Each structure stands twice: as structure tokens, then as C-alpha cells.
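Observations on the three-dimensional arrangement
Residue strings, one per chain:
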Amino acid sequence: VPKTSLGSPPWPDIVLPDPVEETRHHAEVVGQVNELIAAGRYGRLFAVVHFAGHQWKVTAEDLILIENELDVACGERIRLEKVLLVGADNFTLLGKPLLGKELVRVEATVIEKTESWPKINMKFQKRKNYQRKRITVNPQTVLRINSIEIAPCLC
Amino acid sequence: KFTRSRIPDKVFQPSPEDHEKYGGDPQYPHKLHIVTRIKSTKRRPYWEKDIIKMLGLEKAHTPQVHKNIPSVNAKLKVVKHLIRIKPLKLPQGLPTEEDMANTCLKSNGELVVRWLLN
Amino acid sequence: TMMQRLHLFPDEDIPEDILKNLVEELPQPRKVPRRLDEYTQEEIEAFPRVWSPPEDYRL
Amino acid sequence: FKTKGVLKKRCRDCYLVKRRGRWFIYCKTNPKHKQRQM
RNA sequence: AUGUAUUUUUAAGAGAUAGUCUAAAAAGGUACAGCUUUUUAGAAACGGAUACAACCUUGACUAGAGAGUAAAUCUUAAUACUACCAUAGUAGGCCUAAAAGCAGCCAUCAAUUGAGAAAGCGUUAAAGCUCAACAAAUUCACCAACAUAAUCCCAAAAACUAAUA
RNA sequence: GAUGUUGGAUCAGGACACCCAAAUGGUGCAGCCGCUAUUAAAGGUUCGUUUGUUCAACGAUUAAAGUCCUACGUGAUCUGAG
Ligand SMILES: [Mg+2]
Ligand SMILES: [Mg+2]
Ligand SMILES: [Mg+2]
Ligand SMILES: [Mg+2]
Ligand SMILES: [Mg+2]
Ligand SMILES: [Mg+2]
Ligand SMILES: [Mg+2]
Ligand SMILES: [Mg+2]
Ligand SMILES: [Mg+2]
Ligand SMILES: [Mg+2]
Ligand SMILES: [Mg+2]
Ligand SMILES: [Mg+2]
Ligand SMILES: [Mg+2]
Ligand SMILES: [Mg+2]
Ligand SMILES: [Mg+2]
Ligand SMILES: [Zn+2]
């Protein structure tokens, strides 16, 4: 097997660590990040949330506009549950494909209940004499996001 | 002319390795079909549109369940190129009353009776 | 407009102005093959002589 | 010369050569056998 | 039987009755039409076939700064012919101006170790050139292809970091 | 609820299936003429008698007096013999 431009597969060789060393290394790394959470060294967190059929990027003091009516009194404090991502300058927690409740918590307040600005929808047809004009008004809900807290427990 | 055609019986006589290939059990045939509609009924002759209205296959990519009796099998045969057929499996057995609220149908073609405990 | 931001030079001669403001070197898309004389004697000696030539044949 | 669809050697002395990405029939004995494929 | 919810009657009503192409069976014509004439199917997307009425994917609402998929992006190719050598009855009969293998009929014989009573050209007929036969060797093949139009070519490019994307 | 239709005049754009000029193969090519085939479109491609005529005949010449297409080019430029 001499070297010809073909006989050698065109890509870098794959170096894959042993599962044992990886289990140790993981236990250790998770341990360390865990020490950062316990310490309180995370400056500001941002989260990726799944709400009302969309995904969002959320941080404390921020604002989002949800496209349908929720049944909540105005000013109540909601706790969002399905959480995809959590991240901070030094570290990031990734859910498969969801983050466990005990690990992280994100609490928002509903600010505004509104009807959306009129959306003009009109179908038309060439010389069939067909027009249909309809104006749409959509109930909307604005959320202030208050807090993202992250608990020490990670194993 | 164009016609309703026919399928000769040889088509439907399975070889021994087709059992191994599709994972059907050679000894016992299976009870229920899960039939999904993959393709459109447009551009197709009216009698096929009929068959698809009878099978309850009205809108695409929704599963349906049917018996494996010869009567239903005939119609399926007529439309067999528009549909997807898979045997329904019941690992946990038949659903009883208490489990009616907890039923779920997985893409294996597999019915799960107890779904999402607490 | 973007056509204006492209600068083409026939050889390698470029005004000090354009040389001085260059950030980054792009990788060559095609891998240029070597000639015969390029190969280190190590590499040529290292490659198998595939067939056995007869002596009485003139080359 | 002749422009032809199919070249065929007319005698024993026609040799068949490819030049300029065409097929020619050249003949030294008689010139009238010269042909050129199109 | 079976899978479904449709069908028949009764009472009122109109429009419509100047169709196109695609697949299939046929007619007529030129086994010609974006041709005409019937019978059975399909179609008339805001997505593909760049552009597009008929082909293909899909059937349908109203919002979303979400997702999974469908038809589909345009690739396919095509080559050579080589040695060395050549006497014999006998220009076999028959014809024919001549007829000598080689104008046609008959015969296909027999020397040499090996050479057809001859497959080519050639000559008025001869004469003369090569093929088949040994002798010397080496062997690898054979089934070959096809000019052009009128304003100005018609994405640009590209052998390759892994795709049931 | 109009895309005004033959031939000329003027001005020509293009094709190459070259009539001339330019390089060449083959010849039943000695040379002179020729007859065929290949490659080449920058430039040329006449004046008259008779017909409304394109076509055609005929006189005289030219290196030649090409074959075509462009709404049988071109009438809000011209001419109407037809
Ligand atoms: Mg009509
Ligand atoms: Mg009528
Ligand atoms: Mg056509
Ligand atoms: Mg019909
Ligand atoms: Mg389109
Ligand atoms: Mg829908
Ligand atoms: Mg002799
Ligand atoms: Mg003998
Ligand atoms: Mg008008
Ligand atoms: Mg001109
Ligand atoms: Mg030419
Ligand atoms: Mg010209
Ligand atoms: Mg005209
Ligand atoms: Mg005129
Ligand atoms: Mg005009
Ligand atoms: Zn020859």
C-alpha cells in the first residue's frame, strides 16, 4: 500500500478518546460547573424557551409579544416550563430535548392584553369578477420576563 | 381506452424471504391495518377517489385503522399505490376503560396504552 | 458596487497601500500536484518499483 | 480528397490515420483514394 | 358480504347546449400538423417543468419572526495493422482470333516437405504483380463514425472533505 | 371598433448552401483552358432594347455581373404602370 492520491482516504484520521476517560472527565467537568453555580459566579443568564408554539430568546428585564389570548389576570406571575437552552458567559446547559424542572426556573409577568392593528387580507381574480376583502384583528399578549434562576443540582 | 385494470394473483403470493424482510410473522397473519394516505387523489380516475372516500382516508398523513378481512383488503388493493400500510402492534395488549384517556399511537405503528405517567 | 471592491493583479506586484491594509490569507481551493523533480529522493526511493524490466530491452 | 460518412480502404496500400481529430485515408500508390471522415 | 353516507322520489327553478390539450383505442390525411371525427380517463397552483392553459406535486380557511415533508434543480458518450516468401506435369481437356489460374463450359487430378488445375488485379494472348502452403515466429483486437440559416453566443462556473443528505 | 396588399426608387442589416478576389486536395491534370472537392463572408457583385412585370430573351461588357432571408425588407420616405 504505497501512497497514491486515491488509496489514502481524503480526510484527517479520526482520534476518538476512550469511554472511561470520558466518563471521568465528564463527572469532573460537570462537577466544576456545578461549583460555579453553587458559587454564584454566573453574571447574567439567557434562556431559550418554548412558548405558545414558538421558540424565544429570553433574559431578565426583556419583553416579548405572544400572538394569542391566554387566560390570566393582568399582572399575574407565570412560571414558564419547557426550557431548551440556558447560557452564561462561561458555561451553557443544553436540554435533551428539554431541561429538567429542578435545574432551572424562569418567571415572567403578563403586562398587556391587546387587540392587534388591523391586518388587511384580500383575494382577487382576473376578470372572474371575484374580490373578497376581510380585515383581521388578533388578540395579543405582552410578557415582561422577570427572572431566570439556576439551581446548584447537576450530576 | 383507460380502465380499472386488474391485479393477477401471483402478485399477492409472498416469498419466504419477504417475511424476514418486512418482519411479518410467517405463522400468524396480523389483525389490524394502520393505513395512511401518502399521495393525492387528484389526476386519478373517479373510482379511486371513491375508494379513498370510503376508506375514510380523506386527508393525507393521518393514520386510520381497518380490519384485515378480505372485504377491506379488496378496496385497499384498488388504491394500493396511493397509500401506506403497516401492521398495528399491541405490546401492552388491548386498551381497557381506564386507559382510554392515556392512549398514544407511535410511528412504529405501535399503540401504547399507558402514556406519560404523572 | 461590489464589483468595485475587487482588485485583480496579473503578477505579484501590489501597491504598498493595498499590501499594508490586508487582514487575512485565504486557502487555495485546488491542490496543485507536484511535478517529477519536486519529490525528495527519500520519497522516490520509498515508492515501490512495480514491474521488473528485462535487461535486453533498450530504453 | 473527399468528405465521406464512411471510410473504406480501396486497395492494399491505403493506410488509415487520425489527424486533427479526424480519420483520413492516405494512399501513396494512387491519390484518388484519399478520403476524410466528416 | 363489506367499507362507508349516500341515493331515489315529490314541488319549484334556471343557466348551459360555439370547449382546449395530455394519456389510451381507432378512423381521415402525408403511419403531417398547435389537423379534423368519435369512445374511456385526466387536468386547468400563489409549488415545480427557467418563461408556460392542459404535464408533474398538492387540494384548499384566518393569524404566527415555528416545524416535517411533495414534485423537482439536469446528467449519458466516441481509436492502428506487422512478417516472410513463392519450383513442378501443365499454356488439364473443351471450345476459341488467341482462352494459358484468371471469356465461358467440364474436371478437380496428381511431384515435392511444402505450395488452389486458383481468391485478387493485370495482358490481345502471353509476360508480370499479390493472396492462400510450409518454413520463422509471436497475438492485442476486430462488428467503428454522418453538412448548414438568416439582428447578437446565451446563467457564471465546476471532477471531491463522506448523501438514503 | 383596418396588421393598407405586386413590381420599381432610395438605403440596405444578415446567412453561406461562394458568383468574383484568397490558400489548397483529386483528375480520364503535360502546359493553356477545364471539370469536381475542402477551408475562407472584411470587400465587391454593370449599363441597355421589349414587357407593369419579378422571371425570361436579346445587345454590349466586366474579376464577377451568386443563391437566399429580413411582414414575398423598406408606401407616417417616394412611385401606382399593375
Ligand atoms: Mg368553433
Ligand atoms: Mg348553439
Ligand atoms: Mg410542439
Ligand atoms: Mg372528458
Ligand atoms: Mg414559477
Ligand atoms: Mg389545509
Ligand atoms: Mg506462367
Ligand atoms: Mg499437395
Ligand atoms: Mg385598435
Ligand atoms: Mg448589404
Ligand atoms: Mg463553405
Ligand atoms: Mg456580402
Ligand atoms: Mg413587401
Ligand atoms: Mg411595395
Ligand atoms: Mg412603414
Ligand atoms: Zn489505395
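Residues numbered from 1 in each chain as written, not as in the entry; some residues may be left out. Chains lettered and ligands numbered in written order. Part of a larger assembly, values for the part shown. Heavy atoms only, no water.

By the method listed in its record, cryo-EM, this PDB entry was determined to a resolution of 3.40 Å.

**Quick notes on the overall build of chain A**
Let me state the cut-off plainly: Per the convention used, a helix needs a DSSP run of H or I reaching at least four residues, while a strand needs a run of E reaching at least two, with both numbered from the N terminus. For every residue, the accessible area (1.4 Å probe, protein chains only) is compared with the maximum for its type, and the residue is labelled buried under 20%, exposed over 50%, or partly exposed between those bounds. Contacts were defined at the residue level, with two residues in contact if any of their heavy atoms lie within 4.5 Å. Note on areas: Shrake-Rupley, 1.4 Å probe, and residue coverage restricted to the protein chains presented here. Charge counting follows a simple rule: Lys and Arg are positive, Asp and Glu are negative, and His as well as the terminal groups are ignored. Note on charges: their place is set at NZ of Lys, CZ of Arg, CG of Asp or CD of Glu.
Each helix and strand in chain A was counted, giving one helix and 10 strands. Helices (α) and strands (β) of chain A occur, in sequence order from the N terminus, as α-β-β-β-β-β-β-β-β-β-β. Counting only C-alpha atoms and orienting by the principal axes, one finds that chain A spans roughly 75 × 55 × 20 Å. Per-residue burial for chain A yields a buried fraction of 26% across its 155 residues. Long-range pairs, those at least 24 residues apart, make up 68% of the contacts in chain A between residues at least 6 apart in sequence. For chain A, the accessible area works out to roughly 11900 Å², and carbon and sulfur atoms hold 55% of it. For chain A, the distance from the average position of its 21 positive side-chain charges to the average position of its 19 negative side-chain charges is 15 Å.

**Observations concerning the overall build of chain B**
A count of helical and extended segments in chain B gives three helices and five strands. When its helices and strands are written in sequence order, chain B yields α-β-α-β-α-β-β-β. Its C-alpha atoms put chain B at 60 × 35 × 20 Å along the principal axes. Buried residues in chain B amount to 20% of all 118 residues. Taking the intrachain contacts of chain B between residues at least 6 apart in sequence as the baseline, contacts between residues at least 24 apart amount to 57%.

**Quick look at the sheet that holds strand β3 (residues 83–87) of chain B**
Residues and elements named next belong to chain B. Our working rule: Whether two strands pair depends on DSSP finding at least two bridges between them. Axis definition: a line fit to C-alpha positions, over the contact stretch in the case of helices; interaxial angles, taken between N-to-C directions, run 0 to 180 degrees.
The strand order β2-β1-β3 describes an open sheet built from three strands, whose pairing is antiparallel. The outermost strands of the open sheet, each flanked by one partner alone, are β2 (63–67) and β3. Averaged over all pairs of adjacent strands, the angle between strand axes in this sheet comes to 30 degrees, irrespective of strand direction. Taken together, the five bridges between strand β1 (residues 32–37) and β2 define a ladder with antiparallel strand orientation. If you follow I34 over to β2, its bridge partner there is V65.

**With respect to the protein's contact with RNA strand E**
For the record, the criterion: The near set for a molecule or strand comprises every residue that places at least one heavy atom within 4 Å of it. Any pair of nitrogen or oxygen atoms within 3.5 Å is treated as a polar contact; in protein, a donor-acceptor pairing is required on top of that, and neighbouring residues in sequence qualify only through side-chain atoms on both sides. Three residue categories are used. Nonpolar comprises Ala, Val, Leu, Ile, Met, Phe, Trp, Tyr, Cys and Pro, charged comprises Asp, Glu, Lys and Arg, and polar comprises the others, including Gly.
The full set close to RNA strand E counts 46 residues, and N138 of chain A, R37, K39 and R43 of chain B together with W23 of chain D are the nearest of them. Backbone atoms, meaning sugar and phosphate, make up 66% of the atoms of RNA strand E lying within 4 Å of the protein. The separation between a base oxygen of RNA strand E and a polar main-chain atom of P10 of chain A is 2.9 Å. Within the side chain of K75 of chain B, an N or O atom sits 2.9 Å from a base nitrogen of RNA strand E. Counting residues per element, the ones that place at least two in the surface near RNA strand E are β8 (119–125) and β9 (130–136) of chain A, α2 (46–55), β2 and α3 (70–79) of chain B together with β2 (14–19) of chain D. In terms of residue count, the dominant contributor to the surface near RNA strand E is α2 of chain B (four residues). Here the surface near RNA strand E is built from residues that sort into 17 nonpolar, 10 polar and 19 charged.

**A look at unusual backbone geometry**
Positive phi values are uncommon outside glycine, yet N129 of chain A reaches one of about 65 degrees. Even without being a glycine, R43 of chain B presents a positive backbone phi close to 70 degrees.

**Comments concerning the protein's contact with RNA strand F**
Residue and element names in this part refer to chain D. Near RNA strand F you find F1, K2, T3, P31, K32, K34 and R36, and these make up its full shell. Protein-adjacent atoms of RNA strand F, using a 4 Å cutoff, are sugar or phosphate at a proportion of 73%. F1 has a polar backbone atom sitting 3.1 Å from a base nitrogen of RNA strand F. Contacts to RNA strand F include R36, whose side-chain N or O atom sits 3.4 Å from a sugar or linking oxygen. Considering only residue class, the surface near RNA strand F consists of two nonpolar, one polar and four charged.

**Comments concerning the packing of aromatic side chains**
Residues and elements named next belong to chain B. Using the following cut-off: Ring pairs shown here join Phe, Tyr and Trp side chains whose ring centres sit within 6.5 Å, with only the six-membered ring taken for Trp; geometry is labelled stacked below 30 degrees between planes, edge-to-face above 60, and tilted in between.
Enumeration according to the criterion identifies six aromatic pairs over all chains in this entry. Note on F2 and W47: the rings are 6.0 Å apart at their centroids and 10 degrees apart in plane angle, and the pair reads as stacked. Here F2 is found in the segment before α1 (16–22), whereas its partner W47 is found in helix α2, with 45 residues between them in sequence. Residue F2 is classed as exposed on the basis of its relative accessible area, which comes to 59%.

**Observations regarding the nonpolar core**
For clarity, the cut-off: Each nonpolar core is a collection of buried residues, namely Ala, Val, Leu, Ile, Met, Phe, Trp, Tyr and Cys, held together in the definition by side-chain atoms within 4.5 Å.
One finds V86, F91, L99, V104 and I150 of chain A to be the most contacted residues of the largest nonpolar core, which totals 26 residues. Among the elements of the structure, α1 (19–39), β1 (46–51), β3 (63–66), β4 (77–80), β5 (83–88), β6 (91–94), β7 (104–115) and β10 (139–150) of chain A are those that each provide at least two residues to this core. Not counting chain neighbours up to four residues away, the residues in contact with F91 of chain A comprise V33, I37, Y42, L45 and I150 of chain A. Judged by nonpolar contacts, the second largest core, of 10 residues, contains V35, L55, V72 and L76 of chain B.

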